[PDB]
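Chemist:
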Amino acid sequence: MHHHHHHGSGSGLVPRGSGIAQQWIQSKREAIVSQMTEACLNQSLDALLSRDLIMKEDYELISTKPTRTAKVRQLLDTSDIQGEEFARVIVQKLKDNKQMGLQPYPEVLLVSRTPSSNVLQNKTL
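Be aware that the sequence shown starts at 1, since it is given in the authors' numbering, and climbs by one per residue.
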């Protein structure tokens, strides 16, 4: 005779306020995920890529997600592992386009990255 089983590797416990944007994501997580479509998702991803904030290993995992809605969620869960900057990129990305249904927004819009353009050409595959 034979048999099988399964298990869930889910976690998410922050010790203290890592960052405004980071915390905000958790507040409007359901909204950001329900709003941020597959399009905005890819954009936000490539954003951190240029900054070298997201690990390629994580990109693949999220890229090989079952559904788009999950891709966003996982992005927030992983952000806590990366840093405050990671989350800050999201809040800025969403606003970069247009997300009124997500409002109200946090009191942080700046990037504090560097005095220069964001990007010129999307990722190359």
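Even for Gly, the Cβ is constructed at its ideal location relative to N, Cα and C.
Leaving aside the five residues before and after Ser79 along the sequence, list all residues of the same chain whose C-beta is less than 8 Å from its C-beta, in chain order.
Modeler: Residue mapping note: residue 79 aligns to position 79 of the sequence shown, counting from 1. Answer for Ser79: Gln22, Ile25, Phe86, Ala87, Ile90, listed in chain order.
Chemist: Just to check, is the beta-carbon of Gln43 closer than 7 Å to a non-hydrogen atom of the ligand ADP?
Modeler: Annotation note on the ligand ADP: not contained in the displayed structure, which lists no ligands.
Chemist: Helix or strand or just coil, what does DSSP make of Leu125?
Modeler: Taking the sequence shown and counting its residues from 1, the one referred to as residue 125 is at position 125. Assignment of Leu125 by DSSP, reduced to helix, strand and coil, places it in the coil class.
Chemist: To which residues of the same chain is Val14 closer than 7 Å at the C-beta, ignoring the five residues directly before and after it?
Modeler: Position 14 of the sequence shown, counted from the start, is the residue given in the question as residue 14. Answer for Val14: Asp80, listed in chain order.
Chemist: For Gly101 versus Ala31, is the C-beta spacing smaller than 8 Å?
Modeler: In the sequence shown, the residue the question calls residue 101 occupies position 101. In the sequence shown, the residue the question calls residue 31 occupies position 31. If you check the CB distance, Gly101 and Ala31 come in under 8 Å.
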